[PDB]
Amino acid sequence: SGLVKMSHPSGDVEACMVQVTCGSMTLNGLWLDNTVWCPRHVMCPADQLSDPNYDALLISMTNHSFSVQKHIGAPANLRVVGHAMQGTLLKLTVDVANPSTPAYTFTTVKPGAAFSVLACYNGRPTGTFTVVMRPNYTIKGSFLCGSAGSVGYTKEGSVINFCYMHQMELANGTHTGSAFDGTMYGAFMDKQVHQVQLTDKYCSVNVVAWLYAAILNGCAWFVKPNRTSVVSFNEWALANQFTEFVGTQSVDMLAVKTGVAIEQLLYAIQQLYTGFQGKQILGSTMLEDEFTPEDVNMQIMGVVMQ
Amino acid sequence: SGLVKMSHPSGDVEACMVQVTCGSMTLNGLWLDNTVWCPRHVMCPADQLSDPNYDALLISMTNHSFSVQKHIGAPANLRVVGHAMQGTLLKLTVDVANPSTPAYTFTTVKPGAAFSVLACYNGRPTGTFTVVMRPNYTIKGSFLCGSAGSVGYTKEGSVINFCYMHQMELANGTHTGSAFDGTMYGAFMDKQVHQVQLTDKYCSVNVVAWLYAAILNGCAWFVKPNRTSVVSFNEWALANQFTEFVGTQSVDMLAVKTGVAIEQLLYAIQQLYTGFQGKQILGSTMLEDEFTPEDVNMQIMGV
Ligand code: NA
């Protein structure tokens, strides 16, 4: 039993991290087969971060302008034999295919989806943590200068789903990056100017999952016969900065496992939003919305008598 | 900026995890050099977990009674050439040394110390998280049946400090394990019986690090000019379920950076203890004692 912030084992992603140097800038990179992905502002000098001309900087670059190094486990000498820019990322081609290339895929995650983050500095993994793509297309991580290139991913069986490469920090604790198709999450720009940040929202489906996890852990004082329909909750959610609830199979297994209907937890959220009545839920006195239904189903597994 | 629950990269430890099968019981093992560490109750059958006779079980075991397999990376079958019994842990000796053995030592963590846990099932790593050795010598993790043998560890430079091998679930959400000398944290026995746990406490030094982390992240409304001395706070701590505060160089670095004194946060802890009254610190309306001063230092200032 128990529920904690859990991240995938970083082992196979650790084997793909590299150090990307362009002139006097050093950032992290992702090495898959003969391709090395990295943020495109590694080309930018420190004095040009306010208004960078990425197209002119790319033209000025050559293959020798970029150096890729592999640190710690497994030594590698990499020669950049090609370079191209895709959106806000750089697509470097190297002479050596990564022998530890896992089965992988690329997906642009929706708000509310969770993924593991491998924070790296100068190509060296330094820590891992799980974040959730916020409704305002940011993430609440722990990044310092030089963490650009750190990758966000999920593990489904043996397939790694790369979905995030860190880029920038917009406010205290608030970060954002780009998907591996080059598009930045939330249409943000890799420009050091002020940008519009939308208001965050509580992920309703994750709070429901977190309450199911609490019920499954002997904490269900908040459960009452009172019910709030999905339609009525979603109208209430618009006025109270909550995401629209959309039921999935993952949430239905939790409703069946506990015997508590979704509409009961939807009502409980409306009450708990006002206050926890001095009580606690899984040691928390505030709503938790970074636990997805899929994460709860993974931490509270069990045999099912049929 | 930002403060999150962070764990060390588990890649080094992942290469040392193996599966240990003894009869119809399967647990997790730690493969270092020619030694494989695993919990001793892998010897016990599924029906004798309540009152196991480990003396009789160990005597009835042979080198052939243990099957060790490595799944991640290069798959391998390990031949057990010897087995010893150390406290609550089984010490297996295999014929092949782990070529991925990292620089490692063994440490016994004190209450308040944090470490990363690699949760494993059937010798396969499934997730990692960070816990803190509670003052009552438990940990608040997320374990299911078969997570025994999962290892807790820290990283001090380039050497991994193995400090915890998971053993059992004492109560709901409450777990405990043994150090790698066989000593179980909190003297809990490895038997499926109800065991009374000592009353938990707040890790005073970690709450201070968490308050220091909040100041460094734009949250310092709790800071006041009043000060409670370390001696005055520790006497107050003895009667309010708080651990004794012991300042370290790591806490001092936070005091120098934020310019807020330790005794300022010690007084604020006394005020925040009786409730936050609607206000929240770093997104929490309760005290957080799972962020160590070394964790806050590394996360906010990269040291
Ligand atoms: Na300094």
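- This entry lists X-ray crystallography as its structure determination method and reports a resolution of 2.50 Å.

- The PDB entry annotates chain B as 3C-Like Protease of Middle East respiratory syndrome-related coronavirus.

- Under the PDB entry, the name given to chain A is 3C-Like Protease, and the organism recorded is Middle East respiratory syndrome-related coronavirus.

1. Details of the sheet that holds strand β1 (residues 17–22) of chain A
Residue and element names in this part refer to chain A.
Okay, so step 1: Judged by pairing direction, the sheet is antiparallel, and its seven strands sit side by side in the order β5-β4-β1-β2-β3-β7-β6 without closing on themselves. Each of the sheet's edge strands pairs with one partner strand only, and the pair in question is β5 (76–78) and β6 (80–86). In this sheet, neighbouring strand axes are inclined to one another by 30 degrees on average, regardless of whether the strands run parallel or antiparallel.
Okay, so step 2: Pairing between strand β2 (residues 25–32) and strand β3 (residues 35–39): three bridges, direction antiparallel. Paired with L30 across the two strands is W37, which belongs to β3.

2. Quick word on the sheet that holds strand β4 (residues 67–70) of chain B
Residues and elements named next belong to chain B.
Okay, so step 1: Spatially, seven strands are ordered β5-β4-β1-β2-β3-β7-β6 in an open sheet, and the strand pairing comes out antiparallel. The sheet is open, and its two borders are formed by β5 (76–78) and β6 (80–86), each paired with just one other strand. Put simply, the sheet's adjacent strands are angled 30 degrees from each other on average, direction ignored.

3. Observations concerning the domain arrangement of chain A
Okay, so step 1: Looking at the assigned domains, one finds that chain A contains domain 1 (10–94) and domain 2 (204–297).
Okay, so step 2: Domain 1 of chain A and domain 2 of chain A are separated by 43 Å when their C-alpha centres are compared.

Each value, and the rule that gives it
Residues numbered from 1 in each chain as written, not as in the entry; some residues may be left out. Chains lettered and ligands numbered in written order. Heavy atoms only, no water. Residues with missing side-chain atoms left out of burial classes, pairs and counts. Pairing = 2+ DSSP bridges. Helix = DSSP H or I, 4+ residues; strand = E, 2+ residues; numbered from the N terminus. Axes fitted to C-alpha atoms, helices over the stretch in contact; angles between N-to-C directions. Domains from an automatic or database assignment.

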